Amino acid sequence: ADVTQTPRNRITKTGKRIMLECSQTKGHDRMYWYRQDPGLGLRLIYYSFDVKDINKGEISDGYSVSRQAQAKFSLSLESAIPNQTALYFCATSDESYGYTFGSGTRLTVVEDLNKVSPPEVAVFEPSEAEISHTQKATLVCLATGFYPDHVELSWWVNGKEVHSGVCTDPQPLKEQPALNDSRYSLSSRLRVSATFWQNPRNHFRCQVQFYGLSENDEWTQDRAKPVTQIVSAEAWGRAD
């Protein structure tokens, strides 16, 4: 891997200084930091052509950068605010617009860490009426009550991840749309043949990777500390 970024995921409270790193091995003069937001594409924040030459892009406010070495270009959020929630991409270029992008940093900035909450996850079993009508069987997974919106859902059949027959909503919905800190919910479907669902030896699991608090974060509530964690739900196949 020529271009590497750290961290891959981070959650932060507002008002904190946050640093993102980009490193390369080819020693290209030109390095860049962009942010991606839905409907806006990739917008340039800052760029550098040599160690101590720095140039503002279109959205430089709230950010600083340093080019510490030929190989390294650091981005800082000086005092994080919620509208800095984004996917951040660093890039290098050769002298002929040959770009190489890092794999991305997903950053979420929240006002109040007390609102962080892992999902509850439930699997809903196929309808007997679908089975009779179609000879197929759709399982539904629902992840509910999570905050912030920063999850990854997957399906596992007899212990291996599956992609075929799956559709997961592209974005979670807000459970309480009127609220700035509403919790979220997300659904997915996994469809199999009726025969495959009817085998009591087959095991189906919906897995939700949630990104929340870290070991270092303070927690003063009685409820479980809402750390980064996996929450699953399961069902076995059934003849009746």
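Numbers follow the displayed sequence, beginning with 1.
The PDB entry records a higher mean C-alpha B factor for 196-204 than for its counterpart among 179-187 and 196-204. For the pair 28-36 and 55-63, the record assigns the higher mean C-alpha temperature factor to 55-63. Comparing the listed residues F124, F101, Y88, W156, the entry records the largest Cα B-factor for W156.
Residue set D112, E120, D149, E95: peak C-alpha B-factor at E95 (per PDB entry). In the deposited entry, the Cα temperature factor of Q135 places it in the highest third of its chain's modelled residues. Among the modelled residues of its chain, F49 has a C-alpha B-factor that falls in the highest third according to the deposited record. Placement of the Cα temperature factor of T108 within the chain: lowest third of the modelled residues, per the deposited record. Split the chain's modelled residues into thirds by C-alpha temperature factor. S76 is in the middle one. In this PDB entry, the Cα temperature factor of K16 sits in the top third of its chain's modelled residues, the highest group.
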